[PDB]
$ cat data21.pdb   # PDB, C-alpha atoms
MODEL        1
ATOM      1  CA  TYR A   1      44.400 -20.109  38.463  1.00  0.00           C
ATOM      2  CA  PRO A   2      42.559 -18.273  37.031  1.00  0.00           C
ATOM      3  CA  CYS A   3      41.964 -20.765  34.222  1.00  0.00           C
ATOM      4  CA  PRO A   4      38.783 -22.741  35.021  1.00  0.00           C
ATOM      5  CA  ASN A   5      39.233 -26.527  35.271  1.00  0.00           C
ATOM      6  CA  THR A   6      41.745 -27.683  32.602  1.00  0.00           C
ATOM      7  CA  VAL A   7      42.344 -25.667  29.432  1.00  0.00           C
ATOM      8  CA  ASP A   8      44.069 -26.658  26.196  1.00  0.00           C
ATOM      9  CA  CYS A   9      47.109 -24.508  25.412  1.00  0.00           C
ATOM     10  CA  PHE A  10      49.180 -24.946  22.257  1.00  0.00           C
ATOM     11  CA  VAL A  11      52.971 -24.768  22.075  1.00  0.00           C
ATOM     12  CA  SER A  12      54.570 -22.842  19.220  1.00  0.00           C
ATOM     13  CA  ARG A  13      56.675 -24.995  16.879  1.00  0.00           C
ATOM     14  CA  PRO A  14      56.763 -28.104  19.116  1.00  0.00           C
ATOM     15  CA  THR A  15      58.548 -30.261  16.532  1.00  0.00           C
ATOM     16  CA  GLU A  16      61.133 -27.629  15.587  1.00  0.00           C
ATOM     17  CA  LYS A  17      61.899 -26.987  19.257  1.00  0.00           C
ATOM     18  CA  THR A  18      62.167 -30.749  19.774  1.00  0.00           C
ATOM     19  CA  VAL A  19      64.695 -31.057  16.935  1.00  0.00           C
ATOM     20  CA  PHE A  20      66.881 -28.280  18.333  1.00  0.00           C
ATOM     21  CA  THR A  21      66.476 -29.734  21.828  1.00  0.00           C
ATOM     22  CA  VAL A  22      67.853 -33.055  20.569  1.00  0.00           C
ATOM     23  CA  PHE A  23      70.752 -31.296  18.832  1.00  0.00           C
ATOM     24  CA  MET A  24      71.652 -29.246  21.908  1.00  0.00           C
ATOM     25  CA  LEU A  25      71.292 -32.163  24.334  1.00  0.00           C
ATOM     26  CA  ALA A  26      73.373 -34.417  22.080  1.00  0.00           C
ATOM     27  CA  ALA A  27      76.077 -31.746  21.905  1.00  0.00           C
ATOM     28  CA  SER A  28      75.907 -31.344  25.688  1.00  0.00           C
ATOM     29  CA  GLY A  29      76.268 -35.103  26.107  1.00  0.00           C
ATOM     30  CA  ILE A  30      79.289 -35.024  23.807  1.00  0.00           C
ATOM     31  CA  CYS A  31      80.717 -32.227  25.960  1.00  0.00           C
ATOM     32  CA  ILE A  32      80.198 -34.364  29.073  1.00  0.00           C
ATOM     33  CA  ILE A  33      81.967 -37.332  27.471  1.00  0.00           C
ATOM     34  CA  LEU A  34      84.806 -35.157  26.162  1.00  0.00           C
ATOM     35  CA  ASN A  35      85.269 -33.493  29.559  1.00  0.00           C
ATOM     36  CA  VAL A  36      85.431 -36.896  31.268  1.00  0.00           C
ATOM     37  CA  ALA A  37      87.970 -38.040  28.674  1.00  0.00           C
ATOM     38  CA  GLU A  38      89.878 -34.797  29.269  1.00  0.00           C
ATOM     39  CA  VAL A  39      90.147 -35.518  33.002  1.00  0.00           C
ATOM     40  CA  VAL A  40      91.153 -39.144  32.414  1.00  0.00           C
ATOM     41  CA  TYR A  41      93.765 -38.198  29.807  1.00  0.00           C
ATOM     42  CA  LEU A  42      95.296 -35.545  32.072  1.00  0.00           C
ATOM     43  CA  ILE A  43      95.393 -37.961  35.022  1.00  0.00           C
ATOM     44  CA  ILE A  44      97.080 -40.593  32.842  1.00  0.00           C
ATOM     45  CA  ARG A  45      99.539 -37.958  31.609  1.00  0.00           C
ATOM     46  CA  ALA A  46     100.403 -36.988  35.191  1.00  0.00           C
ATOM     47  CA  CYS A  47     100.819 -40.635  36.216  1.00  0.00           C
TER      48      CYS A  47
ATOM     49  CA  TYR B   1      32.526 -32.567  22.572  1.00  0.00           C
ATOM     50  CA  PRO B   2      33.940 -30.363  21.172  1.00  0.00           C
ATOM     51  CA  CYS B   3      34.594 -28.479  24.411  1.00  0.00           C
ATOM     52  CA  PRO B   4      38.084 -29.426  25.669  1.00  0.00           C
ATOM     53  CA  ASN B   5      38.194 -30.971  29.162  1.00  0.00           C
ATOM     54  CA  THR B   6      35.614 -29.218  31.405  1.00  0.00           C
ATOM     55  CA  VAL B   7      34.425 -25.679  30.674  1.00  0.00           C
ATOM     56  CA  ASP B   8      32.540 -23.229  32.883  1.00  0.00           C
ATOM     57  CA  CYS B   9      29.165 -22.219  31.442  1.00  0.00           C
ATOM     58  CA  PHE B  10      26.871 -19.711  33.139  1.00  0.00           C
ATOM     59  CA  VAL B  11      23.093 -20.022  33.406  1.00  0.00           C
ATOM     60  CA  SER B  12      20.963 -16.947  32.747  1.00  0.00           C
ATOM     61  CA  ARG B  13      18.955 -15.770  35.769  1.00  0.00           C
ATOM     62  CA  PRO B  14      19.528 -18.896  37.910  1.00  0.00           C
ATOM     63  CA  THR B  15      17.813 -17.447  40.989  1.00  0.00           C
ATOM     64  CA  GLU B  16      14.804 -16.065  39.108  1.00  0.00           C
ATOM     65  CA  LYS B  17      14.326 -19.386  37.319  1.00  0.00           C
ATOM     66  CA  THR B  18      14.640 -21.147  40.679  1.00  0.00           C
ATOM     67  CA  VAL B  19      11.909 -18.957  42.191  1.00  0.00           C
ATOM     68  CA  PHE B  20       9.507 -19.656  39.329  1.00  0.00           C
ATOM     69  CA  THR B  21      10.459 -23.340  39.444  1.00  0.00           C
ATOM     70  CA  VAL B  22       9.440 -23.455  43.112  1.00  0.00           C
ATOM     71  CA  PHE B  23       6.165 -21.665  42.351  1.00  0.00           C
ATOM     72  CA  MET B  24       5.300 -23.987  39.464  1.00  0.00           C
ATOM     73  CA  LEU B  25       6.305 -27.162  41.316  1.00  0.00           C
ATOM     74  CA  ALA B  26       4.345 -26.096  44.400  1.00  0.00           C
ATOM     75  CA  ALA B  27       1.290 -25.434  42.230  1.00  0.00           C
ATOM     76  CA  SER B  28       1.780 -28.809  40.535  1.00  0.00           C
ATOM     77  CA  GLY B  29       1.991 -30.492  43.935  1.00  0.00           C
ATOM     78  CA  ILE B  30      -1.226 -28.747  44.947  1.00  0.00           C
ATOM     79  CA  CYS B  31      -2.809 -30.036  41.734  1.00  0.00           C
ATOM     80  CA  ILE B  32      -1.686 -33.573  42.607  1.00  0.00           C
ATOM     81  CA  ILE B  33      -3.175 -33.307  46.101  1.00  0.00           C
ATOM     82  CA  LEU B  34      -6.407 -31.770  44.799  1.00  0.00           C
ATOM     83  CA  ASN B  35      -6.755 -34.457  42.119  1.00  0.00           C
ATOM     84  CA  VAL B  36      -6.267 -37.198  44.724  1.00  0.00           C
ATOM     85  CA  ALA B  37      -8.869 -35.513  46.932  1.00  0.00           C
ATOM     86  CA  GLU B  38     -11.142 -35.269  43.886  1.00  0.00           C
ATOM     87  CA  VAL B  39     -10.932 -39.030  43.299  1.00  0.00           C
ATOM     88  CA  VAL B  40     -11.476 -39.820  46.985  1.00  0.00           C
ATOM     89  CA  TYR B  41     -14.442 -37.443  47.254  1.00  0.00           C
ATOM     90  CA  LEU B  42     -16.095 -38.899  44.146  1.00  0.00           C
ATOM     91  CA  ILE B  43     -15.557 -42.464  45.394  1.00  0.00           C
ATOM     92  CA  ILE B  44     -17.069 -41.536  48.768  1.00  0.00           C
ATOM     93  CA  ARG B  45     -19.984 -39.864  46.972  1.00  0.00           C
ATOM     94  CA  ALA B  46     -20.612 -43.009  44.915  1.00  0.00           C
ATOM     95  CA  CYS B  47     -20.410 -45.228  48.009  1.00  0.00           C
TER      96      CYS B  47
ENDMDL
END
$ encode --input "data21.pdb" --output "structure tokens"
Amino acid sequence: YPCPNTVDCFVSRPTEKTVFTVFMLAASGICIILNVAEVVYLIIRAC
Amino acid sequence: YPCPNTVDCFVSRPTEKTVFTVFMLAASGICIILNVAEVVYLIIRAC
């Protein structure tokens, strides 16, 4: 509402946003892996 | 085509056109009945 039925809306710079989305998500995934390795390394260091 | 998905289009004077449609169709139906009566009356006159 209030758009009647289904309307076609166009996203600004879909490909450019997709490229930066891939870069940011890949960096976030690297952060997740590094944080997991950080926990494992610290646990190994303690034990 | 080319209207995307379904669009809402508005008819000009829908009620006024409906009223005149009823008048014309009723008159046409009267013409049909009168023509049938014309054929029957002429057949009866011949026989």
$ calpha_fit_and_write --input "data21.pdb" --fixed "chain A" --moving "chain B" --output "CSV table (one decimal) with C-alpha atoms, in the frame of the given file"
chain,number,residue,atom,x,y,z
B,1,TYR,CA,44.4,-20.1,38.5
B,2,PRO,CA,42.6,-18.3,37.0
B,3,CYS,CA,42.0,-20.8,34.2
B,4,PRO,CA,38.8,-22.7,35.0
B,5,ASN,CA,39.2,-26.5,35.3
B,6,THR,CA,41.7,-27.7,32.6
B,7,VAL,CA,42.3,-25.7,29.4
B,8,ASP,CA,44.1,-26.7,26.2
B,9,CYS,CA,47.1,-24.5,25.4
B,10,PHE,CA,49.2,-24.9,22.3
B,11,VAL,CA,53.0,-24.8,22.1
B,12,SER,CA,54.6,-22.8,19.2
B,13,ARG,CA,56.7,-25.0,16.9
B,14,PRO,CA,56.8,-28.1,19.1
B,15,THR,CA,58.5,-30.3,16.5
B,16,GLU,CA,61.1,-27.6,15.6
B,17,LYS,CA,61.9,-27.0,19.3
B,18,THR,CA,62.2,-30.7,19.8
B,19,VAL,CA,64.7,-31.1,16.9
B,20,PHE,CA,66.9,-28.3,18.3
B,21,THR,CA,66.5,-29.7,21.8
B,22,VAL,CA,67.9,-33.1,20.6
B,23,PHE,CA,70.8,-31.3,18.8
B,24,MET,CA,71.7,-29.2,21.9
B,25,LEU,CA,71.3,-32.2,24.3
B,26,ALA,CA,73.4,-34.4,22.1
B,27,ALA,CA,76.1,-31.7,21.9
B,28,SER,CA,75.9,-31.3,25.7
B,29,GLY,CA,76.3,-35.1,26.1
B,30,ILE,CA,79.3,-35.0,23.8
B,31,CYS,CA,80.7,-32.2,26.0
B,32,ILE,CA,80.2,-34.4,29.1
B,33,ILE,CA,82.0,-37.3,27.5
B,34,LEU,CA,84.8,-35.2,26.2
B,35,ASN,CA,85.3,-33.5,29.6
B,36,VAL,CA,85.4,-36.9,31.3
B,37,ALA,CA,88.0,-38.0,28.7
B,38,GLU,CA,89.9,-34.8,29.3
B,39,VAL,CA,90.1,-35.5,33.0
B,40,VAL,CA,91.2,-39.1,32.4
B,41,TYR,CA,93.8,-38.2,29.8
B,42,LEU,CA,95.3,-35.5,32.1
B,43,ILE,CA,95.4,-38.0,35.0
B,44,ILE,CA,97.1,-40.6,32.8
B,45,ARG,CA,99.5,-38.0,31.6
B,46,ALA,CA,100.4,-37.0,35.2
B,47,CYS,CA,100.8,-40.6,36.2
$ interface_residues --input "data21.pdb" --of "chain A" --to "chain B" --cutoff "8 Å" --atoms "only C-alpha atoms" --output "ChimeraX atom specification"
/A:4-8
$ atom_distance --input "data21.pdb" --atom1 "CA of residue 1 (chain A)" --atom2 "CA of residue 9 (chain B)"
16.9 Å
$ axis_aligned_box --input "data21.pdb" --around "region 2-17 of chain A" --padding-each-side "4 Å" --output "JSON"
{"center_x": 50.3, "center_y": -24.3, "center_z": 26.3, "size_x": 31.1, "size_y": 20.0, "size_z": 29.4}
$ atom_distance --input "data21.pdb" --atom1 "CA of residue 2 (chain A)" --atom2 "CA of residue 13 (chain B)"
23.8 Å
$ atom_distance --input "data21.pdb" --atom1 "CA of residue 25 (chain A)" --atom2 "CA of residue 10 (chain A)"
23.4 Å
$ build_atoms --input "data21.pdb" --residues "region 17-38 of chain A" --atoms "N, CA, C and O atoms" --output "mmCIF file, keeping the file's coordinate frame"
data_model
loop_
_atom_site.group_PDB
_atom_site.id
_atom_site.type_symbol
_atom_site.label_atom_id
_atom_site.label_comp_id
_atom_site.auth_asym_id
_atom_site.auth_seq_id
_atom_site.Cartn_x
_atom_site.Cartn_y
_atom_site.Cartn_z
ATOM 1 N N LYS A 17 61.233 -27.093 17.964
ATOM 2 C CA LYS A 17 61.899 -26.987 19.257
ATOM 3 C C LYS A 17 62.431 -28.339 19.711
ATOM 4 O O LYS A 17 63.500 -28.418 20.327
ATOM 5 N N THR A 18 61.695 -29.415 19.422
ATOM 6 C CA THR A 18 62.167 -30.749 19.774
ATOM 7 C C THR A 18 63.442 -31.101 19.018
ATOM 8 O O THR A 18 64.369 -31.688 19.589
ATOM 9 N N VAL A 19 63.508 -30.750 17.731
ATOM 10 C CA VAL A 19 64.695 -31.057 16.935
ATOM 11 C C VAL A 19 65.911 -30.328 17.490
ATOM 12 O O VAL A 19 66.982 -30.919 17.672
ATOM 13 N N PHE A 20 65.762 -29.033 17.777
ATOM 14 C CA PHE A 20 66.881 -28.280 18.333
ATOM 15 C C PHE A 20 67.207 -28.722 19.752
ATOM 16 O O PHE A 20 68.367 -28.647 20.170
ATOM 17 N N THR A 21 66.206 -29.177 20.508
ATOM 18 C CA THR A 21 66.476 -29.734 21.828
ATOM 19 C C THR A 21 67.343 -30.982 21.725
ATOM 20 O O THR A 21 68.283 -31.160 22.507
ATOM 21 N N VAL A 22 67.045 -31.854 20.760
ATOM 22 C CA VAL A 22 67.853 -33.055 20.569
ATOM 23 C C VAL A 22 69.275 -32.683 20.169
ATOM 24 O O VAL A 22 70.247 -33.257 20.674
ATOM 25 N N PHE A 23 69.420 -31.718 19.258
ATOM 26 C CA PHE A 23 70.752 -31.296 18.832
ATOM 27 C C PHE A 23 71.552 -30.732 19.998
ATOM 28 O O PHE A 23 72.727 -31.074 20.184
ATOM 29 N N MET A 24 70.931 -29.866 20.802
ATOM 30 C CA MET A 24 71.652 -29.246 21.908
ATOM 31 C C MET A 24 71.978 -30.260 22.998
ATOM 32 O O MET A 24 73.078 -30.239 23.562
ATOM 33 N N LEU A 25 71.035 -31.149 23.314
ATOM 34 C CA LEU A 25 71.292 -32.163 24.334
ATOM 35 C C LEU A 25 72.356 -33.151 23.877
ATOM 36 O O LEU A 25 73.192 -33.584 24.679
ATOM 37 N N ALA A 26 72.335 -33.533 22.599
ATOM 38 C CA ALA A 26 73.373 -34.417 22.080
ATOM 39 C C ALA A 26 74.740 -33.754 22.149
ATOM 40 O O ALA A 26 75.731 -34.393 22.522
ATOM 41 N N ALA A 27 74.814 -32.469 21.795
ATOM 42 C CA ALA A 27 76.077 -31.746 21.905
ATOM 43 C C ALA A 27 76.519 -31.630 23.357
ATOM 44 O O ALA A 27 77.712 -31.747 23.661
ATOM 45 N N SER A 28 75.572 -31.397 24.268
ATOM 46 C CA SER A 28 75.907 -31.344 25.688
ATOM 47 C C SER A 28 76.409 -32.692 26.187
ATOM 48 O O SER A 28 77.359 -32.754 26.976
ATOM 49 N N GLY A 29 75.781 -33.782 25.743
ATOM 50 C CA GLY A 29 76.268 -35.103 26.107
ATOM 51 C C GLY A 29 77.661 -35.371 25.574
ATOM 52 O O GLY A 29 78.488 -35.990 26.250
ATOM 53 N N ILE A 30 77.940 -34.913 24.353
ATOM 54 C CA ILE A 30 79.289 -35.024 23.807
ATOM 55 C C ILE A 30 80.269 -34.223 24.654
ATOM 56 O O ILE A 30 81.387 -34.673 24.929
ATOM 57 N N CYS A 31 79.861 -33.028 25.090
ATOM 58 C CA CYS A 31 80.717 -32.227 25.960
ATOM 59 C C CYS A 31 81.005 -32.951 27.269
ATOM 60 O O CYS A 31 82.132 -32.910 27.774
ATOM 61 N N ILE A 32 79.995 -33.615 27.836
ATOM 62 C CA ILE A 32 80.198 -34.364 29.073
ATOM 63 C C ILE A 32 81.205 -35.486 28.855
ATOM 64 O O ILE A 32 82.126 -35.684 29.656
ATOM 65 N N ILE A 33 81.050 -36.232 27.758
ATOM 66 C CA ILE A 33 81.967 -37.332 27.471
ATOM 67 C C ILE A 33 83.374 -36.805 27.219
ATOM 68 O O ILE A 33 84.360 -37.367 27.712
ATOM 69 N N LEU A 34 83.492 -35.720 26.451
ATOM 70 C CA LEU A 34 84.806 -35.157 26.162
ATOM 71 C C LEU A 34 85.473 -34.622 27.424
ATOM 72 O O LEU A 34 86.687 -34.768 27.598
ATOM 73 N N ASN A 35 84.700 -33.988 28.309
ATOM 74 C CA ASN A 35 85.269 -33.493 29.559
ATOM 75 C C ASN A 35 85.755 -34.639 30.439
ATOM 76 O O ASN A 35 86.820 -34.540 31.061
ATOM 77 N N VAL A 36 84.989 -35.730 30.507
ATOM 78 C CA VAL A 36 85.431 -36.896 31.268
ATOM 79 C C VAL A 36 86.706 -37.469 30.665
ATOM 80 O O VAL A 36 87.652 -37.813 31.384
ATOM 81 N N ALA A 37 86.756 -37.572 29.335
ATOM 82 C CA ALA A 37 87.970 -38.040 28.674
ATOM 83 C C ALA A 37 89.128 -37.079 28.913
ATOM 84 O O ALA A 37 90.283 -37.505 29.033
ATOM 85 N N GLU A 38 88.838 -35.778 28.977
ATOM 86 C CA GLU A 38 89.878 -34.797 29.269
ATOM 87 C C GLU A 38 90.488 -35.035 30.644
ATOM 88 O O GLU A 38 91.714 -35.012 30.800
#
